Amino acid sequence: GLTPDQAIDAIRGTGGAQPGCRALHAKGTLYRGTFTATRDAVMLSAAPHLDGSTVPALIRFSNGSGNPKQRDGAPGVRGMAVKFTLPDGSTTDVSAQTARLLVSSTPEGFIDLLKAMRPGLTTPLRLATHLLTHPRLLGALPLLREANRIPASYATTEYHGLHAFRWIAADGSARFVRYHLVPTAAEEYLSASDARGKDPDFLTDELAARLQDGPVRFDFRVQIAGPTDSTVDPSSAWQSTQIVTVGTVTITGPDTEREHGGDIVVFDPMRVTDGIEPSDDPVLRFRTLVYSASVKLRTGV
């Protein structure tokens, strides 16, 4: 079958798996903040960080590329990851990127795509024999484009968790939800034109400047599964419009005490907590493993 090593191989074949870098989302910065849920969130989940208290929040804004030197101005996926610290010291992560849905419904599908995406031999050719294997992708371009827009700022675009998570409340009630991190700032993007002229790391510079002006806010929203919404296929579009705000992440500045020495920082979608369980999503379950591989490759060097 498919192994973590293989996943890393496909990733490396796309320019990723660089030394001392995350196999993917190599380029990214850490920020400090806090999170406070709405008064009602505790009715959806019993998770400690959702009870209404304020908890520490570590955020990483990144470019999806495995290339540490990726150009902010070039097309690509951006990722927003939040690590919540619970009262007892434990932590639970929320991982999200700019795409509305996943390009594939399975890990194999995603990996097969990262291989046929490799440069050299016949790039535009093999990156087609895939379409034949995965029809679903022929109508994707529309979403793919949206997921690669060049945001004017990491603070002016929204991120999605894609996978469905089962939220259990103290009363025993449960519901499946998909995560969405929306900005309180107006969403805003740059045309390919402007994007080209921008500094390689303009996104890092603008956000540093934005925070010196004041905090940046993102509302955490959960889209609650409708009667026919798949809880196992992150590529499947959901019909439900029952989307509610359950909290806000308030980012106040760049972090400086983290990732010094043998300190490792990894946002694992599987790092849930009491009151939150993972769905039988094959992509979500495979991630934690391929991540361990990636974390290993960068721990040593």
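Numbering starts at 1 and runs along the sequence shown.
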query: Out of 193-201 and 92-100, which one has CA B-factors that are higher on average in the deposited record?
result: 193-201
field: Average Cα temperature factor in the PDB entry - higher stretch of 123-131, 147-155
entry: 123-131
query: Going by the entry, which of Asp112, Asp219, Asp229, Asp171 has the most elevated CA B factor?
result: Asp112
field: Residue, from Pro269, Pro48, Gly253, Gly262, that the PDB entry assigns the highest Cα B-factor
entry: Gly262
message: How does the C-alpha B factor of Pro282 compare with the rest of the chain: lowest, middle or highest third?
response: middle
statement: So, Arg60's CA B-factor, relative to its chain, sits in which third? The lowest
message: Taking only the Cα B-factors deposited for this chain, tell me whether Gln212 sits in the lowest, middle or highest third.
response: highest
Among modelled residues of the same chain, the CA temperature factor third for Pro183: lowest
- request: Going by the recorded CA B-factors, say which third of the chain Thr54 sits in, lowest, middle or highest.
  value: middle
